[PDB]
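Q: Below you'll find the sequence and an experimental structure to go with it.
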There are 4 protein chains.
Amino acid sequence: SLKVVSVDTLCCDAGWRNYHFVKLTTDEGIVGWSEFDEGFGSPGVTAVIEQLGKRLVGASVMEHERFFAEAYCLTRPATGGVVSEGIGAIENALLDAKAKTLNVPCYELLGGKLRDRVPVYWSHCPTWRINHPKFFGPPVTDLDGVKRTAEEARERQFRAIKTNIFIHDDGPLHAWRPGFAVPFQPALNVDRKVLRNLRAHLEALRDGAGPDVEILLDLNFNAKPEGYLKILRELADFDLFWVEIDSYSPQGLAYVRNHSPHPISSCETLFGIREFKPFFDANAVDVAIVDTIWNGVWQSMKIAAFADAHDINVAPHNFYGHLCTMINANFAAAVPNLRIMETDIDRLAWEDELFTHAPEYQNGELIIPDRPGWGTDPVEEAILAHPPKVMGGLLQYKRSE
Amino acid sequence: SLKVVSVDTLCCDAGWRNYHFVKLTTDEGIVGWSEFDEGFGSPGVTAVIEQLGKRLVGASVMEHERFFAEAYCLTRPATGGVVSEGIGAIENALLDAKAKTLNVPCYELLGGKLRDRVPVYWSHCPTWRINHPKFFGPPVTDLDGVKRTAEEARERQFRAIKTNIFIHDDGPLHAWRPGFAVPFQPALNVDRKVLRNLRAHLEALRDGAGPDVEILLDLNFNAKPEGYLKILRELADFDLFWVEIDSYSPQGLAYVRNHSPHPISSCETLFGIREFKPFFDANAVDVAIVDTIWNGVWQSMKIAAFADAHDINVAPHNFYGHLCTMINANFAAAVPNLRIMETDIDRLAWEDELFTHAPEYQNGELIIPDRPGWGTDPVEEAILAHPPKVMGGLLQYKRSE
Amino acid sequence: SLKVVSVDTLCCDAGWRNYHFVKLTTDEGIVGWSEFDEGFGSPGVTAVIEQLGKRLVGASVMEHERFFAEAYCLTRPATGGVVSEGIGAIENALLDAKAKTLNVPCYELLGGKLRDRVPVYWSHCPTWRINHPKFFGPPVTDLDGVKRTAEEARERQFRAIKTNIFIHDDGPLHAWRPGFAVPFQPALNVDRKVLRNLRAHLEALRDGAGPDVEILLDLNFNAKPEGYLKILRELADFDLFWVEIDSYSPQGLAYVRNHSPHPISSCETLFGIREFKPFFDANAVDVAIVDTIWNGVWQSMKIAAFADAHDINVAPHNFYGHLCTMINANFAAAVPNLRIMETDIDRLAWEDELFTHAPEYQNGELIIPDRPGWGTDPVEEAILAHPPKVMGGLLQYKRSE
Amino acid sequence: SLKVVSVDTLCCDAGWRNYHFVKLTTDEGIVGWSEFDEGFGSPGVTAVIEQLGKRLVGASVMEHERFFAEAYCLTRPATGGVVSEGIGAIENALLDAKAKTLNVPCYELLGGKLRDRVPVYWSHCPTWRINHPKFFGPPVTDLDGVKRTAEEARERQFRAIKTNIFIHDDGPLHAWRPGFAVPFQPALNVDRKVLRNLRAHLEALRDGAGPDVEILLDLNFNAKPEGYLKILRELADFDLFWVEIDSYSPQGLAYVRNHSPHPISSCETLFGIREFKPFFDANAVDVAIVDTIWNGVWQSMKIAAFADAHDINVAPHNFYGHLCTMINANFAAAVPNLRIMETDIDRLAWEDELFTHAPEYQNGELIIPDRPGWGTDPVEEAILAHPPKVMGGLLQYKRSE
Ligand SMILES: O=C(O)/C=C/C(=O)O
Ligand SMILES: O=C(O)/C=C/C(=O)O
Ligand SMILES: O=C(O)/C=C/C(=O)O
Ligand SMILES: O=C(O)/C=C/C(=O)O
Ligand SMILES: [Cl-]
Ligand SMILES: [Cl-]
Ligand SMILES: [Cl-]
Ligand SMILES: [Cl-]
Ligand SMILES: [Cl-]
Ligand SMILES: [Cl-]
Ligand SMILES: [Cl-]
Ligand SMILES: [Cl-]
Ligand SMILES: [Mg+2]
Ligand SMILES: [Mg+2]
Ligand SMILES: [Mg+2]
Ligand SMILES: [Mg+2]
């Protein structure tokens, strides 16, 4: 019949956060999967999906843009954010199911592949070993460990690494994340302490990385334009692949970029061409980060095309489980204007239990798989062996505090 | 202690949709309430509130902007929409509790009152009698009933009424709501049928209203700029108080307004100064609709001040239960630049059972109450006597179809 | 009755200028106070207050935004400047009275507090010891005294200091203030003499401050854009917390900022969102100075919210008596987007006689008090023991000349 | 010596407001005069003048731009409004004294005259006979009196008349002045009642004026852009010389003008090229009103030149005593780009007692005099025979209410 018979959500432990999944089944017995997240400031996504999936039952699994169009209509007033994440999660499950029904990898729905491998950067490096050492080891607790982590990246043939903001000289090593309320300093002022610690951290990372490995710096939402300018001027003499700055002020981000000696990336939290547009019109970015897990991969192809017309390359936002990596792999396979792909190389001890297939890296690149659908399936029995905790993510840093 | 002890949500039947409430209790035994909605495209608000309220327990009930600032940080990546609605619902409960603790009406927290009564328009008139006749009577099923409803508004001393788009000459009277997927025609084209039915409907309404009662026309998201221009040109010779058009294109809405012989209102679905700004910068509106139930009343005071600087008057979005009306009443009491206040005069048969106090109207104006807090409390026993159904609102029109 | 019974003004000696106060009494016997200034280019404020306060008698003390709205109407043609200062002074007295009536600190009217302490900078350092040595000692008369003053700031645990422009190598140490007619050189040209003396002064200050204490430079209105650029280029290699430039040309200030290696602050002389707007639209500032003594604290909350939407942090303008400090303390307690708070640490020998309570500093921060109202009351008997002189401020530098 | 020996202010009764004067005496015994106003929203001007005139004593009477430059410096922070009115009043007294010293009319200081007579409009017609009937008769209390007043204007050979907003069909004839708080309706909404009364009033005026006399409509600050558009659309079919709209939103006024079938005038409350600039840049006006009594005539020549470069004609703001008329006459004599000159033809019973010379009109034009100075002197004995009342103007309408 090609009809969708069911849309369900599943959830499992990922240590300091949960993983979430959409499971969609068709009349033919094909199962399409996606992975989504609630911990990155996104409570409610499951509820959105539960409501919207009810309308999908009985509809064609082939008609994903029909479903998008209908869902957009039905949630038009509160579009964006958690609503749009729910829609994107369902879209990604539909795509998997459609590809499987046609016996092709998902990239065959996206224009075909135009590359077989994708260069990555090792993300949250050493951020995960500092911030979640119970889950990702070896723990990093000082500048020497920062250096050693970059050395490890170099030895393992990764070509780039991304770090965040850390305070080394004021007690135990800790993250500076005021944009996410740790500490609670909502003006997000940047002082000498921040600047000297950024310098110390990046000098140690560079010492370990050597001169060839690229260093990316993510500042997230942790400053105002004033403070971002102060950081960029302080770090004017560093060799940075990019400086990543999230902002809801296209004019403010553009001002910062105009005064930056480094490439600027942004946009990981934005939805649709509509939200990216003011930033591109303002010349706000060198690189656009596209969260295809949030937007849905089909919507993300639209965003990538829009970026392409502005001669802006895009990078997928990818810092979740293996299924997200494979989802993003298919996007990266198909998009001409691809800057690079993010991935976390630090993995949970039980990561590989949760999925049928693990991503394969060789010489700093991700190998794009050629199996029907995204390239990996969550394993239901394994999900149930790792029951979820309460919401973590941005909420559990604040508990740890 | 002034500490928040608990944050709970409650839900009850409102016929074709549910009402939702936040109940916040302090160490002193004061209860603060707000009302929120999920049916207007907003699945997930309860989940957001459930997560965010956990951080609030143990904090001061007096420190509402502290809570806002923290909540904004913790949900920064997925801000807007359902996330921001959850934050606004909690804010409105905090304000009620704070006002009650200080033994003052909520307007005493908002600058004091500057008016004792507020002119209203009778909203969803005759929209509710056409679309939800099981709940709001007498049913309207033809042009004569449209006329009689406007006559009723005139007799009852209401000074203004707002209608939507209706098709009269193609079978049983029915709403034209393609922007919300009834019918599913996602291009939102406007054809002759739409235009001739708009004319027929508005002529009947004017016939009943007489020459003094004002007529507002809400087009919601039911067209593209092309179609909005076609409607405005068709209706160029009508006397309309305003034409309401929701748009996520500030440049497109500005173009439409620039070519409109009628005042244009918009913005009911927007959050924060940040989202209103591009519309004001573009000269997109005569009147800004502010949903204080969504934004929170404190955030809405910021939006009203911003509008004031642009010499734009604001109107509260108010089409829910009595508590929402009283919340909006307090906002309307305090804001200098107030255009008018929306209210639904068609009420559910059990509406007054659900709340301690009902809004009082005299000569087309709402009387602003002077009780501590918002002016009415939901009644827990009554809530439980009217158990909720599954989500309705935008989802149940589509079931009816 | 909650009625205002009287509005009076009081004035006392502050050495080289006077302090002024509004005293407002309610039917319940509550007294609300504010402090205002005439010496900073503002003759006439008392007269404005005397006229406007007459309309306030008999009105509710609770209805401050009503009074603002009415006063704005009654003075609409000549709004801004001295008129708006009079309105702001009355507003601040109303707020004190309202808070006292409700038995809460003023920050409880402003959203609640979100911080308990506020970092300050020591303003007019060493400006007051150079320019008014009869009142603030030890006198500073050379570069060594400049250095020692910065050392003192460091020892006393202040984290930042702000200086102005001084000429050291052309006779006795003297201020360069052509924007305020000392000397009378109304083109405000910047020559080599200015630049070399700025360098000499700042080098001495840095020598004393050490590397951790931040140095702010206030240039007031003492140049044209051409000259501001010359100063910024000369000082490109200094570590400056900000460079403060007052301008009535948003396009000119924006040009200067665009070419500045230092953060730029401005706006201390502006009134309302309306006046700040062209500067924010032009990307003219890193930091917005808000004079809440001038604007009124309620109006200033509107300005702070507007700034917040542009991701601009604000700093209160605070260089008067203890009551102004406490007024600003309450604003600083409540505003999320707070850059820093100005305060003068050099005090008059009789300062503490004039007020019931003095501000308390610890480790470079101001402690926010928790008494009803602003936190300090002027003492009538003490005011009368220090009778005012003729207007000083900007007028008495010109006498000294 | 050419030194200024004294600067004094004088004040006398003008019925519902006071007239104010600056009297400046030189070492040679020459007396220079100006007239200023406090009642049009401007409490404090006398205090400004009292302070600033102290610096002028001992300076050259010839050096008026020196004094301006110095005064601007000394009041830079609170410039505009009442401060700038005080400066302008002194400037106008300096000009009179300088012209008298050189034995020439003031226009000889302003480029020489380029016309001998100036067409006027009869302002506040029938506004003064409606609003201040105790002082200006015959009283106007109905539409017939409105018609008769326009007939009188026609018979007396005036070519144009200006009215304001009046309500005829809701009790005794009364002014609609919500922008000045009568009534207190600070949203400034425009409803049907306003529109139908505007129509009725203007139809009666046109009936009396006949087809040749021009009708100007002044809306002051009595609406928001939304409401101004509603008025202009309602009155689209009237023949109006201009519609006058005061606004502090150059973008809002520009929007209104862009949609106006009538010429738009504005700017009467603005100071300096700096304040006019955003309006001219925005294409906000057909005609710029320049208040030379406020700005000073020398500053106003700068404003007129600026307007000239934009091909905008200017009109003086002139609705005070005979000295203001003569001040404006000299400006009008000299400015090429002169639209028309305002004047009040309704005079107080004692007007001519207060001044040495009265303005002379012939065939709808003002004859420019050729006496040294402005053309008339206030008479000290007469001033003292008409002692002032408390401040009236905008404050006394509110008493009458
Ligand atoms: O994903 C990041 O780059 C940072 C996350 C955080 O600070 O929570
Ligand atoms: O609230 C309205 O105006 C329309 C709602 C709808 O068509 O669903
Ligand atoms: O307050 C200041 O920064 C400077 C004042 C002055 O030079 O008069
Ligand atoms: O001068 C006018 O045109 C109006 C003045 C007023 O309404 O007070
Ligand atoms: Cl989580
Ligand atoms: Cl902070
Ligand atoms: Cl619902
Ligand atoms: Cl369609
Ligand atoms: Cl002073
Ligand atoms: Cl000079
Ligand atoms: Cl007066
Ligand atoms: Cl109003
Ligand atoms: Mg990032
Ligand atoms: Mg609407
Ligand atoms: Mg300053
Ligand atoms: Mg006028």
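A: Nice, thanks for sending it over. Residues are numbered from 1 along each chain as shown, chains lettered A, B, ... in the order given. Ligands and ions are numbered 1, 2, ... in the order given.
Q: Please enumerate the helices of the stretch 151-300 of chain A.
A: Under the criterion DSSP state H, counting those that start in this stretch, the stretch 151-300 of chain A contains helices at A:192-209, A:225-234, A:250-258, A:272-281, A:292-295, A:297-309.
Q: The shortest one close to ligand 1?
A: Okay, so that is helix A:292-295. No. Counting by CB under 6 Å from any ligand atom, ligand 1 is not contacted by helix A:292-295; separation bottoms out at 13.0 Å. C-beta coordinates here come from the backbone N, C-alpha and C atoms, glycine included.
Q: Alpha carbons of that helix, in CSV - could you do that?
A: Once non-C-alpha atoms are left out, helix A:292-295 reads as follows in CSV (Å, rounded to 0.1, in the frame of the first residue of the first chain):
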residue,chain,number,x,y,z
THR,A,292,20.0,18.6,9.3
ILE,A,293,19.0,16.6,12.4
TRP,A,294,16.9,19.6,13.4
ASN,A,295,15.8,20.8,10.0
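Q: Which residues does that helix contact?
A: A:34-37, A:84-85, A:88-89, A:92, A:269, A:271-272, A:299-300, A:303, A:316-318, A:320, A:324, A:327-328, A:331 (CB atoms under 8 Å, 6 or more residues apart in numbering or on different chains).
Q: These in strands, which ones?
A: Within those, membership in strands is found for A:34-36, A:316, as judged by DSSP state E.
Q: Going by neighbour count, which residues in stretch A:90-109 are buried?
A: Along stretch A:90-109, these residues count as buried under the neighbour rule (16 or more other CB atoms under 10 Å in any protein chain shown): A:90-101, A:104-109.
Q: Kindly report the same for stretch A:264-282.
A: For stretch A:264-282, a neighbour-count test (16+ other CB under 10 Å) marks A:264-272, A:275-280, A:282 as buried.
Q: For chain B, what's the nearest residue on chain A?
A: Checking chain A residue by residue against chain B with CB to the nearest CB singles out residue A:44 as nearest, at 3.0 Å.
Q: Mind putting the ones in strands among the contacts of helix A:292-295 into a markdown table with distance to ligand 8?
A: Output for the ones in strands among the contacts of helix A:292-295, formatted as a markdown table (distance: CB to the ion, whole Å):
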| residue | distance to ligand 8 |
| --- | --- |
| A:34 | 27 |
| A:35 | 32 |
| A:36 | 29 |
| A:316 | 32 |
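Q: Contacts only, for the closest residue to ligand 2 within the stretch 101-250 of chain A.
A: Per CB to the nearest ligand atom, the residue of the stretch 101-250 of chain A with the smallest distance to ligand 2 is residue A:248, at 27.5 Å. When the contact criterion is CB under 8 Å, 6+ apart, the partners of residue A:248 are B:79, B:274, C:311.
Q: Save those residues as CSV, and put in distance to residue B:63 too.
A: Written out in CSV, the entries for the contacts of residue A:248 read as follows (distance: CB to CB, whole Å):
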residue, distance to residue B:63
B:79, 20
B:274, 23
C:311, 23
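Q: quick one: which of those residues is nearest to ligand 4?
A: Proximity of these to ligand 4, judged by CB to the nearest ligand atom, is greatest for residue B:274, which lies at 37.8 Å.
Q: Do I have it right that that closest one meets residue C:309?
A: Yes. Using CB atoms under 8 Å, residue B:274 is in contact with residue C:309, at 5.1 Å.
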